[PDB]
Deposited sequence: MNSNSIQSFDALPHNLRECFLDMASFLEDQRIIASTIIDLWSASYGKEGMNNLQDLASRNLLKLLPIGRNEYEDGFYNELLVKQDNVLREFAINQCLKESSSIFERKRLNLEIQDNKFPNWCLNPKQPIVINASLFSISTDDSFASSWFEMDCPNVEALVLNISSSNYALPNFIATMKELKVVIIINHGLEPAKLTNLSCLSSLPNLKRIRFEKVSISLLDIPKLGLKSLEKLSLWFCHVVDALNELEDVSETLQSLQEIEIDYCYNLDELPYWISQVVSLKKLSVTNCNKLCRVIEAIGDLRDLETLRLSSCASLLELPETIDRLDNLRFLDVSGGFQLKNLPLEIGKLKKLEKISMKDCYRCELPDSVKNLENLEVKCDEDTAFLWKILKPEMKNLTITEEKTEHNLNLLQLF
């Protein structure tokens, strides 16, 4: 192949070529929401993952494509796509293959099951079957019937389940992955994949991130799973079904919730408002959400509230005025948002409001009280703030103009 595939790999620092090798757990021409890769990298590499993603980009080992404002600085990565050339990805798959001639000793194990034909190692007689892998990915197709084998996976820190089925039962050997830090489940099928056996996750003492894509789940039932060490929950393009026993100290570590493109979500489950430890709540592109329960005011430690590109969200809960720790309010994309909360000015820690297309939003009198405030918006939306400014202490109006490209077409 190219003189800068082999060579830019052979020069790579340790961490970067390990990341490159992680890329082999994704499918051919997968459209990866960067959030996925950041979550995966989080356990091993902490906060340096976007740095690593950009590093791999700049040496042409992967491609990055923004599909929105992409203010990655805030910690949001739902607005960046990652693509990798299938030649680089096949190279990586074979590097993972050549790291160990024994599939049981391999660090990265990429398992593939078509027409329910399990590979021979999965059917081996001398149980127990124990794998050594740290990164474990499993790709199943749309005829897959979820008739799993039994094995132990003591070392797995990251699990990528690539699923194409209408129905999918998580395998019970997940419950052996005591070291698991990240679980990524993406459905490539036409129909939302209805997951079952999510309880295999219930007792994983190190499980810090979960991300579901284009699956069907009971958002309401998520706290019944315990998930006592979970720090982030992400749901993308997922169908929600309404609805087992409540549990004591549910989601006591939960710190960030991201919900995107959940097209039949019509009300926030009440339990989200009751997660006292929650720092960040992002709901975007949920086009049937008309209202947000006022119980969200109960979220004391909230610092970021993102209710964004929700086509149907006409007003905000007034009780946002109790979010004493709120730094950042993002309602950009609210073409129909009509008013900000009446007492928004009560908040003494609010540093930034983003409202880039809320050109029908009226501004409450209380905003004058807010000081040292940055407002990110468009020029039209900027009009009312330009009038308020002289009355206000150190208001900064940052006018954002849109960058037009065809990148969202990748998600077609």
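*Asks:* Wait, which stretches of the deposited chain are just not there in the structure?
*Replies:* According to the record, the single gap falls at 244 to 246.
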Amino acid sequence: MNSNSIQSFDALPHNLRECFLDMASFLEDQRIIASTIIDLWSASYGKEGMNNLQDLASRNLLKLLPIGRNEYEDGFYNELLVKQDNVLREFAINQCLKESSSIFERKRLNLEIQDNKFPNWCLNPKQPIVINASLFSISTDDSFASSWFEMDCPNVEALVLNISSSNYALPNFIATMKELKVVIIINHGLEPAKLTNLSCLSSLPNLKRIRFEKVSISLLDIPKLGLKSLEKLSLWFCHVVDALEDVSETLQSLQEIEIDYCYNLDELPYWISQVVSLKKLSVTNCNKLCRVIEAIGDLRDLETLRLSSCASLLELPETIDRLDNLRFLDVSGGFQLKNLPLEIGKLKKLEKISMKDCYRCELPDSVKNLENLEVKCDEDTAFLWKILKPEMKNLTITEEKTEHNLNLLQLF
From here on, numbers count along this sequence of modelled residues.
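*Asks:* If you average the CA temperature factors over each stretch, which comes out higher, 70 to 78 or 314 to 322?
*Replies:* Between 70 to 78 and 314 to 322, it is 70 to 78.
*Asks:* Taking only the CA atoms, which stretch has the higher mean B-factor in the record, 126 to 134 or 328 to 336?
*Replies:* Comparing averages over the C-alpha atoms only gives 126 to 134.
*Asks:* From the list 102, 255, 216, 234, select the residue with the highest C-alpha B factor recorded in the entry.
*Replies:* Top of the list by C-alpha B-factor: 102.
*Asks:* Using only the C-alpha B-factors in the record, can you name which of 220, 161, 275, 283 has the highest?
*Replies:* Among 220, 161, 275, 283, the PDB entry lists the largest C-alpha B-factor for 220.
*Asks:* Would you check the entry's CA temperature factor for residue 192 and let me know if it's in the chain's lowest, middle or highest third?
*Replies:* Bottom third by C-alpha B-factor.
*Asks:* For residue 361, return the chain-relative third of its C-alpha B-factor as stated in the PDB record: lowest, middle or highest.
*Replies:* Tercile = middle for this residue's CA B-factor.
*Asks:* By its CA B factor, does residue 96 count among the lowest, middle or highest third of the modelled residues in the chain?
*Replies:* Tercile = highest for this residue's CA B-factor.
*Asks:* Ordered by C-alpha B-factor within the chain, which third holds residue 29? Give me lowest, middle or highest, please.
*Replies:* As the PDB entry reports it, the C-alpha B-factor of residue 29 lands in the middle third of its chain.
*Asks:* Once the chain's modelled residues are ordered by C-alpha B factor and cut into thirds, is residue 260 in the lowest, middle or highest one?
*Replies:* According to the entry, residue 260 has a C-alpha B-factor in the chain's lowest third.
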